[PDB]
Amino acid sequence: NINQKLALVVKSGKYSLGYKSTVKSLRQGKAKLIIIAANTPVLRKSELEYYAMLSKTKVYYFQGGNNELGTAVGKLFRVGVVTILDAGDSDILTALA
Amino acid sequence: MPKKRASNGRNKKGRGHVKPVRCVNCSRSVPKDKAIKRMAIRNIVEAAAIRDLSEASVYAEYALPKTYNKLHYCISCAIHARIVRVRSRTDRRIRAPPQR
Amino acid sequence: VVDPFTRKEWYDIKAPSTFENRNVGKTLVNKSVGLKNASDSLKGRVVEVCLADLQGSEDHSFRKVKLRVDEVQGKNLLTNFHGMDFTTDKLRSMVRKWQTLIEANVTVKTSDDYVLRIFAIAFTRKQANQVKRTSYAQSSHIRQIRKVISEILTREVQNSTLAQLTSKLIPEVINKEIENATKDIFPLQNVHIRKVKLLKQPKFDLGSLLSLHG
Amino acid sequence: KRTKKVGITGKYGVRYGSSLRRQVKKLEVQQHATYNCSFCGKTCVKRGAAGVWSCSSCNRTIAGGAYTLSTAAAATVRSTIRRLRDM
Amino acid sequence: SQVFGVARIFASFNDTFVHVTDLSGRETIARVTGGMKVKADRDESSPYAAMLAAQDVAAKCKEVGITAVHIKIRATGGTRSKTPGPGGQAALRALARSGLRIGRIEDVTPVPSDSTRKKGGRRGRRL
Amino acid sequence: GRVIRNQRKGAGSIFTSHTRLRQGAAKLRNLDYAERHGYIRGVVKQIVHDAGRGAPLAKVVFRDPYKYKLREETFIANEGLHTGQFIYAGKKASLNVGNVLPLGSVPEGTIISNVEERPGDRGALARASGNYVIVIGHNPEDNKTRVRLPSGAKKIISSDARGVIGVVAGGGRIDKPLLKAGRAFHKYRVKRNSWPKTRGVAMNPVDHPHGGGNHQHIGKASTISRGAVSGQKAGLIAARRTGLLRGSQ
RNA sequence: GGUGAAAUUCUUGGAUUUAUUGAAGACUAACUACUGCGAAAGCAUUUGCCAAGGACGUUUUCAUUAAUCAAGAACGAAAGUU
Ligand SMILES: [Mg+2]
Ligand SMILES: [Mg+2]
Ligand SMILES: [Mg+2]
Ligand SMILES: [Mg+2]
Ligand SMILES: [Mg+2]
Ligand SMILES: [Mg+2]
Ligand SMILES: [Mg+2]
Ligand SMILES: [Mg+2]
Ligand SMILES: [Mg+2]
Ligand SMILES: [Mg+2]
Ligand SMILES: [Zn+2]
C-alpha cells in the first residue's frame, strides 16, 4: 500500500513537501505526481488540482489528513501536499495511486 | 473427593473458559460442553396421525418434514429422565455412542 | 353487537409473472366505506407463499416468496416479489454436523431505487472418498468464498433492473455460478440464496407494477 | 508531580469535597485542554465559552459540547446520519 | 376451486391456539384456543381441548367458506422451550378428521439466532 | 397572608428575564417558496456563545431570493456547525448535520433539533443543549410524523414541520457540578431572578403556605391539587407518584 | 399468562393473537467437536483497517544475547464501585 511506496521514495528518491514547493514544481513541470492530503483545504486542494490539469500530473488523494501524510513520508512535521518529482525505484508512478 | 472423570466438562481442553448454553427444561446455564447435547429429530406430525393428515391432504408424497430440536440438558436435568444413565466406574471410560 | 362477517368483501391476489400462474388465491377485506377506503387499505399487504404453489413442481417446494400488494385494479389486486424466503424446516436439515457452512450477505442498489440485501447458504462438501470425518474449510478459504459469492451477487444483482434478477433467482442459475467459481478454492454443496430482503423503494410508480401483468 | 491526585482541581483547595472535586477535575481537564483541529491539522488551544471552540492558528470556530470538542452523542449521531444519508 | 386458509397452530405448553387466516395474514377467520373450550384452567394444553378447539375452527371455517388450510405450527419460541406442545399434534388430527383440507405444513417456531436471555437465571428453575 | 414569592413572578417586574447580553431570538428561517420546494445554502459566519442559553448560536447567512441583500439568522448551533460551513435548508436539501429539512424528507431514525411544533413556528422542540428529537414514524396518509421529544413523550407533528439535523451543542453541560454558590449566581444572574430560593418552610406562615410552626415542617401534604389556586400551589403540584423514583422514566 | 403437581396474577372500551414497521440498547445461536487461537483472564454473524503473534520452512544473520526469578511491573472472569 501507499505508505510502503512513499517510504520507498523517501529512501532513494526525489520528492517535495508542501505547497509552495509543489506549485513551484508544477509550474516548472518537474512534478510527476502530487499526493494531496484530505484535510488540506478544498480551496488549496482545488488550486493544486487545477495546476495539476495544466501540468497533466497525477493527483493521488492520500485518504487521511496531513499529520498522517508527514508520517507516511518519514517526516515528523505535518505536510499538506507532497510532490514526487523523481522516484524510479518506487512504483507510485506506475500505479494509478 | 478425587476425580470421577478425566474429562469432567470435556470439550474444554486447551481452551480457557468457553461460552455456555441455557438448558431446555430448567433453563439452567451450563457450559456448551458440559451440556449433554442430544439431537431430537422429530417429525412435524406424530406417528399416530399420519394417515389421517395424508387422507385429508391436497397433493401426494408431501413435505412431511421433521423439526430439528437440537436439545441441551443440564446433566442433572438430563439424569432426571434423559440420556444420562449413571454408569459403573469401569463402564464410565466408554465414549461409544449407545445403541446402534 | 356488530358482527362484521356479513360486512365483508372477497378480492383476488395476482402473482407476477416470471412464475407459472398469475394468481395465488383469495384474501378478503371490508367494503369501501366513507373515510376508510378499500383500495388504500389493500396496498401494503404481503402474501408470503410457497414457490411450488406458483411454479407447481416440487423442486421449488424448498422455497417461499413475499408478495407485496401495490395496486388494486377492479377487484383484482396485484403484488410484487418483496422478498424471498426458505421455510425454517428446510435449511436446518441441510445444516448437519461435521462440516462448515458459509453465509454471504450482499447489499446492492439495483438500476431502480431498490436496495436489495441478498444472503447465500453454501455448505462444505463431505468430499468423495473422505475419511476425515469432517469437511472443515480453513477460515482463509471461506474468506475467499464469501468474497467470491459477494463478487457474484454484486454482478448479477445491481444489473438487470430487479425484475429480471427474479428470473435468474427462480431457477437457481446464480447458484451454479457460485459453485463453479468456488471449486477452484473448495468444493461446496447445496448453495442457494435462502433469503432476499428489501430496504428501499421509490414513490410507488403505480404504473411500474403492471409491466408484469398481461 | 506536585499533587498526588487533586491535579488541576487543587485550585479549589479543601472545599466542595472529594466527589465534587473529582467530577469537575474530569471536565476541567477536558475543557482546558487542546483539541486537534479537524481542518487546520494543528492542536492548540482552545475552548472559549461552552460549546464554542476555537481557533488554533487559523480562526474558525466550531460548535462542540460544553467541556469537550465532540461529545460522544455527536459522534454516534454523525454515524446515525452517515447511515441514513446513504439511504 | 380450493380456497386457502392458514391454520397456524400455536401449541405451547399450558395452551393451544388454532388461528385460521388469509394468505396475506391480515384478515383472520378464527382464533379458537384450548382454554376457551374447556373451563378447567389446567386442561388447556391437553389434546381434548386442542381437538375441541380445532373442530370449532373447522365449523367456523366452513360457514364463511374455506376448503383447505396451510398448517403452520408455532411452539412457544425463543425465551421459552422451542418445543412443540401436547395439543399441537392432537390439533392436526382434529383438522384432518373434520374434513378441513391440508396443504404445505410448516412449523415456523422462531428459533432465535442467538436468543436474548431465557427464564430462570443461572441456576434455573429449582423444583 | 401575603402574596407569595412565587405568585408575583407572574406580574413581571423583576422576574422578567435579562436581555442585555442576550444575542438574538434563536430561530430558523421563515418558510416558503425557496425552502418548500428546493433549498437554499446558508453560510455559518459566526458561532457565538449566547448568554443565558442552553447551547451556542450560529449566524447563518442566506440570500434573499427577491432582493439584492443578505439575511442573517440565529440558528441554535448543532455540534458540528463551524464557521464557513454551508448549511442547506428545505425539502430537497440532504441529511447532514446543520441542514434543515422538513420531517417528511427525513427518514425514520434521524436526529433533529429546533423542530418546529407546527410548521412555520421557526423552531420549538429540542433547542436546549445536547437535546434532540428522533423521528420515529411517518404517516404519509395525513402527512404527520411521530416524533420523540427529549422528555420521551412521543408526539404527532405535521410532516411540513422543519428542524435542524444533528444534536444540539453544549452537550453534557450539566456533567459538571457548579460547586460554589457564586457559579449558580452567575448562571441565573445572566438569565432571570429565581435564584436563591428560600424554603417556604423557613419563611413565616404569612409568606407561604408551608411557612411557620415551632418546627420547620410542612404539616399538610406537600402534594397539591391540580385544581388548586394561586398561592395554594407551592409543593408537589398535581403529583402522581412521589418519593424516590426507581427505574425508567 | 402462569402452574410442579396445583392454584394466584391480566383484559376485552379485542389485551393476547395476526401482520407490516420504528426506536433504543443487548446479544451475537444451528455448525460447535475430547477443534482453533490467546500469557492468562478470555475469544465464535461481516467485512475492513491497525499493529502484534505461534508453528512452519530456511546451505539467512549476530554469536552467549540464555532458564528461572525476591523488588518491582503488565494484564486480569463475575460481582461491586464512582
Ligand atoms: Mg470425601
Ligand atoms: Mg461425590
Ligand atoms: Mg478438599
Ligand atoms: Mg492453549
Ligand atoms: Mg480459564
Ligand atoms: Mg423468582
Ligand atoms: Mg474451528
Ligand atoms: Mg453464529
Ligand atoms: Mg513479586
Ligand atoms: Mg462486570
Ligand atoms: Zn435443565
# chains A, B, ... in the order shown; residues from 1 in each chain; ligands from 1

call {"tool": "closest_atom_pairs", "arguments": {"of": "chain G", "to": "chain F", "cutoff": "10 Å", "atoms": "only C-alpha atoms (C1' of nucleotides)", "output": "tab-separated table"}}
result
residue	atom	partner	partner_atom	distance
G:21	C1'	F:137	CA	8.9
G:22	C1'	F:136	CA	5.5
G:23	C1'	F:136	CA	6.3

call {"tool": "residues_around", "arguments": {"residues": "residue 38 (chain E)", "least_positions_apart": "5", "cutoff": "12 Å", "atoms": "only C-alpha atoms (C1' of nucleotides)", "output": "PyMOL selection string"}}
result
chain E and resi 15-16+32-33+43-53

call {"tool": "select_by_dssp", "arguments": {"residues": "chain A", "states": "strand (DSSP E)", "output": "list in words"}}
result
residues 14, 15, 16, 17, 33, 34, 35, 36, 58, 59, 60, 61, 81, 82, 83, 84, 85 and 86 of chain A

call {"tool": "write_last_selection", "arguments": {"atoms": "N, CA and C atoms", "output": "PDB file, in the first residue's frame"}}
result
ATOM      1  N   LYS A  14      13.491  11.468  -5.142  1.00  0.00           N
ATOM      2  CA  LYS A  14      13.398  12.926  -5.040  1.00  0.00           C
ATOM      3  C   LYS A  14      11.946  13.404  -4.985  1.00  0.00           C
ATOM      4  N   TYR A  15      11.630  14.144  -3.924  1.00  0.00           N
ATOM      5  CA  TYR A  15      10.257  14.464  -3.543  1.00  0.00           C
ATOM      6  C   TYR A  15      10.237  15.792  -2.811  1.00  0.00           C
ATOM      7  N   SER A  16       9.132  16.513  -2.957  1.00  0.00           N
ATOM      8  CA  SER A  16       8.985  17.841  -2.375  1.00  0.00           C
ATOM      9  C   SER A  16       7.835  17.813  -1.426  1.00  0.00           C
ATOM     10  N   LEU A  17       7.964  18.592  -0.359  1.00  0.00           N
ATOM     11  CA  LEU A  17       6.951  18.677   0.669  1.00  0.00           C
ATOM     12  C   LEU A  17       6.387  20.046   0.670  1.00  0.00           C
ATOM     13  N   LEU A  33       3.789  13.601  -9.962  1.00  0.00           N
ATOM     14  CA  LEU A  33       2.696  13.083  -9.151  1.00  0.00           C
ATOM     15  C   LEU A  33       2.673  13.842  -7.855  1.00  0.00           C
ATOM     16  N   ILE A  34       1.535  14.449  -7.537  1.00  0.00           N
ATOM     17  CA  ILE A  34       1.384  15.112  -6.245  1.00  0.00           C
ATOM     18  C   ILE A  34       0.368  14.380  -5.388  1.00  0.00           C
ATOM     19  N   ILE A  35       0.727  14.220  -4.121  1.00  0.00           N
ATOM     20  CA  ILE A  35      -0.038  13.466  -3.164  1.00  0.00           C
ATOM     21  C   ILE A  35      -0.619  14.518  -2.247  1.00  0.00           C
ATOM     22  N   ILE A  36      -1.918  14.724  -2.351  1.00  0.00           N
ATOM     23  CA  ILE A  36      -2.576  15.732  -1.573  1.00  0.00           C
ATOM     24  C   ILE A  36      -3.250  15.029  -0.419  1.00  0.00           C
ATOM     25  N   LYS A  58      -0.530  13.570 -12.102  1.00  0.00           N
ATOM     26  CA  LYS A  58      -1.406  12.758 -11.267  1.00  0.00           C
ATOM     27  C   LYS A  58      -1.566  13.382  -9.879  1.00  0.00           C
ATOM     28  N   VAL A  59      -2.790  13.303  -9.369  1.00  0.00           N
ATOM     29  CA  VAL A  59      -3.143  13.802  -8.058  1.00  0.00           C
ATOM     30  C   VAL A  59      -3.725  12.633  -7.264  1.00  0.00           C
ATOM     31  N   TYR A  60      -2.904  12.055  -6.386  1.00  0.00           N
ATOM     32  CA  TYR A  60      -3.348  10.974  -5.527  1.00  0.00           C
ATOM     33  C   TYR A  60      -3.829  11.556  -4.234  1.00  0.00           C
ATOM     34  N   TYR A  61      -5.070  11.247  -3.877  1.00  0.00           N
ATOM     35  CA  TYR A  61      -5.637  11.700  -2.617  1.00  0.00           C
ATOM     36  C   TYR A  61      -5.311  10.708  -1.521  1.00  0.00           C
ATOM     37  N   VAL A  81       0.737  18.436   1.357  1.00  0.00           N
ATOM     38  CA  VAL A  81       0.803  18.010  -0.017  1.00  0.00           C
ATOM     39  C   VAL A  81       2.245  17.710  -0.418  1.00  0.00           C
ATOM     40  N   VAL A  82       2.449  16.522  -0.966  1.00  0.00           N
ATOM     41  CA  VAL A  82       3.756  16.051  -1.367  1.00  0.00           C
ATOM     42  C   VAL A  82       3.781  16.070  -2.868  1.00  0.00           C
ATOM     43  N   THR A  83       4.943  16.319  -3.464  1.00  0.00           N
ATOM     44  CA  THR A  83       5.158  16.004  -4.891  1.00  0.00           C
ATOM     45  C   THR A  83       6.204  14.926  -5.036  1.00  0.00           C
ATOM     46  N   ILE A  84       6.096  14.205  -6.131  1.00  0.00           N
ATOM     47  CA  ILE A  84       7.030  13.186  -6.463  1.00  0.00           C
ATOM     48  C   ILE A  84       7.607  13.623  -7.785  1.00  0.00           C
ATOM     49  N   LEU A  85       8.792  14.216  -7.730  1.00  0.00           N
ATOM     50  CA  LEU A  85       9.452  14.704  -8.936  1.00  0.00           C
ATOM     51  C   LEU A  85      10.074  13.511  -9.658  1.00  0.00           C
ATOM     52  N   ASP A  86      10.842  12.714  -8.912  1.00  0.00           N
ATOM     53  CA  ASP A  86      11.502  11.516  -9.431  1.00  0.00           C
ATOM     54  C   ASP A  86      11.625  10.477  -8.327  1.00  0.00           C
TER      55      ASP A  86
END

call {"tool": "residues_near_ligand", "arguments": {"ligand": "ligand 8", "cutoff": "7 Å", "atoms": "only C-alpha atoms (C1' of nucleotides) and all ligand atoms", "output": "PyMOL selection string"}}
result
chain G and resi 28-29+44-45

call {"tool": "residues_around", "arguments": {"residues": "residue 110 (chain C)", "least_positions_apart": "6", "cutoff": "9 Å", "atoms": "only C-alpha atoms (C1' of nucleotides)", "output": "PDB file with C-alpha atoms, in the first residue's frame"}}
result
ATOM      1  CA  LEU C 116     -31.603  -5.403  -2.138  1.00  0.00           C
ATOM      2  CA  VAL C 157     -27.839  -8.154  -8.608  1.00  0.00           C
ATOM      3  CA  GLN C 158     -27.267  -4.389  -9.347  1.00  0.00           C
ATOM      4  CA  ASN C 159     -27.572  -5.233 -13.049  1.00  0.00           C
ATOM      5  CA  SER C 160     -30.786  -6.094 -14.923  1.00  0.00           C
ATOM      6  CA  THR C 161     -33.348  -3.869 -13.139  1.00  0.00           C
ATOM      7  CA  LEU C 162     -34.520  -6.197 -10.278  1.00  0.00           C
TER       8      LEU C 162
END

call {"tool": "closest_residue", "arguments": {"among": "B:4, B:72, B:15, B:10", "to": "ligand 4", "atoms": "only C-alpha atoms and all ligand atoms"}}
result
B:15

call {"tool": "interface_residues", "arguments": {"of": "chain D", "to": "chain G", "cutoff": "10 Å", "atoms": "only C-alpha atoms (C1' of nucleotides)", "output": "CSV table (one decimal) with C-alpha atoms, in the first residue's frame"}}
result
chain,number,residue,atom,x,y,z
D,19,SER,CA,-16.5,13.7,45.0
D,22,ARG,CA,-13.3,14.6,41.1
D,23,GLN,CA,-16.3,15.2,38.9

call {"tool": "residues_around", "arguments": {"residues": "residue 42 (chain B)", "least_positions_apart": "2", "cutoff": "9 Å", "atoms": "only C-alpha atoms (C1' of nucleotides)", "output": "ChimeraX atom specification"}}
result
/B:40,44-46,65-69

call {"tool": "write_last_selection", "arguments": {"atoms": "C-alpha atoms", "output": "compact mmCIF listing (two decimals), in the first residue's frame"}}
result
# COMPACT_ATOMS: atom_id res chain seq x y z
CA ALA B 40 -34.17 -34.53 18.71
CA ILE B 44 -43.64 -32.39 12.45
CA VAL B 45 -46.61 -34.79 12.79
CA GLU B 46 -46.79 -37.57 15.37
CA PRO B 65 -40.88 -32.55 7.30
CA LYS B 66 -39.02 -33.08 10.58
CA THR B 67 -38.37 -30.40 13.21
CA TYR B 68 -34.73 -30.28 14.34
CA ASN B 69 -34.66 -29.53 18.06

call {"tool": "residues_near_ligand", "arguments": {"ligand": "ligand 6", "cutoff": "9 Å", "atoms": "only C-alpha atoms (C1' of nucleotides) and all ligand atoms", "output": "PyMOL selection string"}}
result
chain E and resi 120-121+125

call {"tool": "write_last_selection", "arguments": {"atoms": "C-alpha atoms", "output": "PDB file, in the first residue's frame"}}
result
ATOM      1  CA  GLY E 120     -34.815 -18.785  35.476  1.00  0.00           C
ATOM      2  CA  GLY E 121     -31.399 -17.206  35.924  1.00  0.00           C
ATOM      3  CA  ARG E 125     -35.985 -23.482  37.956  1.00  0.00           C
TER       4      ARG E 125
END

call {"tool": "residues_near_ligand", "arguments": {"ligand": "ligand 4", "cutoff": "8 Å", "atoms": "only C-alpha atoms (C1' of nucleotides) and all ligand atoms", "output": "ChimeraX atom specification"}}
result
/B:14-16 /G:37-38

call {"tool": "residues_near_ligand", "arguments": {"ligand": "ligand 1", "cutoff": "12 Å", "atoms": "only C-alpha atoms (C1' of nucleotides) and all ligand atoms", "output": "ChimeraX atom specification"}}
result
/B:1-4

call {"tool": "write_last_selection", "arguments": {"atoms": "C-alpha atoms", "output": "compact mmCIF listing (two decimals), in the first residue's frame"}}
result
# COMPACT_ATOMS: atom_id res chain seq x y z
CA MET B 1 -13.30 -36.31 46.55
CA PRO B 2 -10.88 -37.38 43.77
CA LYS B 3 -11.60 -37.09 40.06
CA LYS B 4 -14.66 -39.01 38.95

call {"tool": "closest_atom_pairs", "arguments": {"of": "chain D", "to": "chain F", "cutoff": "8 Å", "atoms": "only C-alpha atoms", "output": "Markdown table"}}
result
| residue | atom | partner | partner_atom | distance |
| --- | --- | --- | --- | --- |
| D:16 | CA | F:179 | CA | 6.3 |
| D:20 | CA | F:177 | CA | 6.6 |
| D:23 | CA | F:176 | CA | 6.4 |
| D:24 | CA | F:176 | CA | 5.4 |
| D:27 | CA | F:176 | CA | 6.6 |
| D:49 | CA | F:49 | CA | 6.0 |
| D:50 | CA | F:170 | CA | 5.8 |
| D:51 | CA | F:170 | CA | 4.3 |
| D:52 | CA | F:49 | CA | 6.6 |
| D:60 | CA | F:83 | CA | 5.5 |
| D:61 | CA | F:83 | CA | 5.5 |
| D:62 | CA | F:82 | CA | 4.2 |
| D:63 | CA | F:79 | CA | 4.9 |
| D:64 | CA | F:79 | CA | 4.7 |
| D:65 | CA | F:170 | CA | 4.0 |
| D:66 | CA | F:170 | CA | 4.2 |
| D:67 | CA | F:173 | CA | 7.0 |
| D:70 | CA | F:79 | CA | 7.1 |
| D:71 | CA | F:171 | CA | 6.4 |
| D:73 | CA | F:167 | CA | 7.5 |
| D:74 | CA | F:79 | CA | 6.2 |
| D:77 | CA | F:166 | CA | 6.6 |
| D:78 | CA | F:97 | CA | 7.3 |
| D:80 | CA | F:110 | CA | 6.9 |
| D:81 | CA | F:110 | CA | 6.6 |
| D:84 | CA | F:107 | CA | 7.0 |
| D:85 | CA | F:95 | CA | 5.4 |

call {"tool": "residues_near_ligand", "arguments": {"ligand": "ligand 11", "cutoff": "8 Å", "atoms": "only C-alpha atoms (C1' of nucleotides) and all ligand atoms", "output": "JSON, numbers by chain"}}
result
{"B": [22, 23, 24, 25, 26, 27, 28, 29, 72, 73, 74, 75, 76, 77, 78], "E": [124, 125]}

call {"tool": "write_last_selection", "arguments": {"atoms": "C-alpha atoms", "output": "PDB file, in the first residue's frame"}}
result
ATOM      1  CA  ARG B  22     -29.167 -22.330  28.754  1.00  0.00           C
ATOM      2  CA  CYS B  23     -30.676 -25.770  29.220  1.00  0.00           C
ATOM      3  CA  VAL B  24     -34.081 -26.740  27.870  1.00  0.00           C
ATOM      4  CA  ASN B  25     -36.117 -27.748  30.883  1.00  0.00           C
ATOM      5  CA  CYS B  26     -34.625 -26.000  33.939  1.00  0.00           C
ATOM      6  CA  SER B  27     -33.197 -23.047  31.929  1.00  0.00           C
ATOM      7  CA  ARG B  28     -30.042 -23.822  33.884  1.00  0.00           C
ATOM      8  CA  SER B  29     -26.965 -22.230  32.443  1.00  0.00           C
ATOM      9  CA  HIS B  72     -29.427 -29.443  25.622  1.00  0.00           C
ATOM     10  CA  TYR B  73     -29.785 -30.633  29.171  1.00  0.00           C
ATOM     11  CA  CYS B  74     -28.247 -29.625  32.468  1.00  0.00           C
ATOM     12  CA  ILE B  75     -26.790 -33.018  33.349  1.00  0.00           C
ATOM     13  CA  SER B  76     -28.911 -33.099  36.472  1.00  0.00           C
ATOM     14  CA  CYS B  77     -31.922 -32.228  34.358  1.00  0.00           C
ATOM     15  CA  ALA B  78     -30.823 -34.902  31.935  1.00  0.00           C
TER      16      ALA B  78
ATOM     17  CA  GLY E 124     -32.557 -22.367  36.755  1.00  0.00           C
ATOM     18  CA  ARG E 125     -35.985 -23.482  37.956  1.00  0.00           C
TER      19      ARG E 125
END

call {"tool": "residues_around", "arguments": {"residues": "residue 200 (chain F)", "least_positions_apart": "6", "cutoff": "8 Å", "atoms": "only C-alpha atoms (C1' of nucleotides)", "output": "JSON, numbers by chain"}}
result
{"F": [207, 208, 209, 210, 211]}

call {"tool": "interface_residues", "arguments": {"of": "chain D", "to": "chain A", "cutoff": "8 Å", "atoms": "only C-alpha atoms", "output": "list in words"}}
result
residues 38, 39, 40 and 41 of chain D

call {"tool": "write_last_selection", "arguments": {"atoms": "C-alpha atoms", "output": "PDB file, in the first residue's frame"}}
result
ATOM      1  CA  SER D  38     -10.230  18.975  12.214  1.00  0.00           C
ATOM      2  CA  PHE D  39      -9.353  21.396   9.451  1.00  0.00           C
ATOM      3  CA  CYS D  40      -6.135  23.242  10.407  1.00  0.00           C
ATOM      4  CA  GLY D  41      -4.333  19.995  11.314  1.00  0.00           C
TER       5      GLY D  41
END

call {"tool": "residues_around", "arguments": {"residues": "residue 51 (chain A)", "least_positions_apart": "6", "cutoff": "8 Å", "atoms": "only C-alpha atoms (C1' of nucleotides)", "output": "PDB file with N, CA and C atoms, in the first residue's frame"}}
result
ATOM      1  N   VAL A  23       3.898  23.822  -5.958  1.00  0.00           N
ATOM      2  CA  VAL A  23       3.446  24.671  -7.021  1.00  0.00           C
ATOM      3  C   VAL A  23       4.636  25.135  -7.825  1.00  0.00           C
ATOM      4  N   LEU A  26       5.052  22.450  -9.997  1.00  0.00           N
ATOM      5  CA  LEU A  26       4.017  22.270 -11.034  1.00  0.00           C
ATOM      6  C   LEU A  26       4.229  23.214 -12.208  1.00  0.00           C
ATOM      7  N   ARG A  27       4.673  24.423 -11.896  1.00  0.00           N
ATOM      8  CA  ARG A  27       4.969  25.434 -12.898  1.00  0.00           C
ATOM      9  C   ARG A  27       6.273  25.162 -13.644  1.00  0.00           C
TER      10      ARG A  27
END

call {"tool": "closest_residue", "arguments": {"among": "G:54, G:72, G:2, G:48", "to": "chain E", "atoms": "only C-alpha atoms (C1' of nucleotides)"}}
result
G:2

call {"tool": "residues_near_ligand", "arguments": {"ligand": "ligand 9", "cutoff": "9 Å", "atoms": "only C-alpha atoms (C1' of nucleotides) and all ligand atoms", "output": "VMD selection string"}}
result
chain G and resid 70 to 73

call {"tool": "atom_distance", "arguments": {"atom1": "CA of residue 212 (chain F)", "atom2": "CA of residue 16 (chain F)"}}
result
29.0 Å

call {"tool": "interface_residues", "arguments": {"of": "chain F", "to": "chain C", "cutoff": "12 Å", "atoms": "only C-alpha atoms", "output": "PyMOL selection string"}}
result
chain F and resi 107+140-142

call {"tool": "decode", "arguments": {"residues": "region 15-62 of chain G", "atoms": "C-alpha atoms (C1' of nucleotides)", "output": "PDB file, in the first residue's frame"}}
result
ATOM      1  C1'   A G  15     -55.165  -7.330  25.911  1.00  0.00           C
ATOM      2  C1'   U G  16     -53.485 -11.707  23.652  1.00  0.00           C
ATOM      3  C1'   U G  17     -53.196 -13.388  18.710  1.00  0.00           C
ATOM      4  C1'   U G  18     -52.266 -11.796  13.049  1.00  0.00           C
ATOM      5  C1'   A G  19     -49.285  -8.605  10.081  1.00  0.00           C
ATOM      6  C1'   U G  20     -46.312  -4.515   8.496  1.00  0.00           C
ATOM      7  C1'   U G  21     -42.707  -1.347  10.559  1.00  0.00           C
ATOM      8  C1'   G G  22     -39.989   2.282  14.044  1.00  0.00           C
ATOM      9  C1'   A G  23     -36.715   3.260  18.233  1.00  0.00           C
ATOM     10  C1'   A G  24     -33.491   2.011  21.580  1.00  0.00           C
ATOM     11  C1'   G G  25     -29.600  -0.567  23.961  1.00  0.00           C
ATOM     12  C1'   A G  26     -28.458  -6.162  24.176  1.00  0.00           C
ATOM     13  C1'   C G  27     -26.609 -10.377  22.273  1.00  0.00           C
ATOM     14  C1'   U G  28     -24.025 -12.291  18.551  1.00  0.00           C
ATOM     15  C1'   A G  29     -27.348 -19.494  18.036  1.00  0.00           C
ATOM     16  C1'   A G  30     -27.631 -24.075  14.292  1.00  0.00           C
ATOM     17  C1'   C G  31     -22.429 -25.641  12.863  1.00  0.00           C
ATOM     18  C1'   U G  32     -19.691 -26.413  17.685  1.00  0.00           C
ATOM     19  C1'   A G  33     -16.004 -31.085  18.104  1.00  0.00           C
ATOM     20  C1'   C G  34     -12.219 -34.897  23.714  1.00  0.00           C
ATOM     21  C1'   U G  35     -11.495 -28.362  17.345  1.00  0.00           C
ATOM     22  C1'   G G  36      -8.717 -23.433  16.950  1.00  0.00           C
ATOM     23  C1'   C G  37      -6.108 -19.190  18.951  1.00  0.00           C
ATOM     24  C1'   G G  38      -4.713 -16.353  23.219  1.00  0.00           C
ATOM     25  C1'   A G  39       0.380 -15.049  28.942  1.00  0.00           C
ATOM     26  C1'   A G  40      -3.740 -15.798  31.345  1.00  0.00           C
ATOM     27  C1'   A G  41      -8.445 -13.750  32.160  1.00  0.00           C
ATOM     28  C1'   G G  42     -10.725 -14.776  27.583  1.00  0.00           C
ATOM     29  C1'   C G  43     -12.174 -15.142  22.466  1.00  0.00           C
ATOM     30  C1'   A G  44     -17.230 -17.576  17.526  1.00  0.00           C
ATOM     31  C1'   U G  45     -22.510 -13.235  12.492  1.00  0.00           C
ATOM     32  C1'   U G  46     -19.452  -9.233   8.410  1.00  0.00           C
ATOM     33  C1'   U G  47     -16.108  -7.090   6.106  1.00  0.00           C
ATOM     34  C1'   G G  48     -12.389  -3.667   6.597  1.00  0.00           C
ATOM     35  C1'   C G  49      -8.269  -1.415   8.774  1.00  0.00           C
ATOM     36  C1'   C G  50      -4.362  -1.393  12.782  1.00  0.00           C
ATOM     37  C1'   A G  51      -0.151  -3.487  14.576  1.00  0.00           C
ATOM     38  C1'   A G  52       1.281  -7.999  17.170  1.00  0.00           C
ATOM     39  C1'   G G  53       1.876 -13.461  17.377  1.00  0.00           C
ATOM     40  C1'   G G  54       2.853 -19.277  17.278  1.00  0.00           C
ATOM     41  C1'   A G  55       4.191 -23.192  14.254  1.00  0.00           C
ATOM     42  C1'   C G  56       6.340 -23.849   9.992  1.00  0.00           C
ATOM     43  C1'   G G  57      10.210 -23.675   6.449  1.00  0.00           C
ATOM     44  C1'   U G  58      15.359 -21.556   5.917  1.00  0.00           C
ATOM     45  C1'   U G  59      23.124 -24.202   2.936  1.00  0.00           C
ATOM     46  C1'   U G  60      19.716 -16.447   6.290  1.00  0.00           C
ATOM     47  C1'   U G  61      22.424 -13.274  10.143  1.00  0.00           C
ATOM     48  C1'   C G  62      24.503 -11.913  15.383  1.00  0.00           C
TER      49        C G  62
END
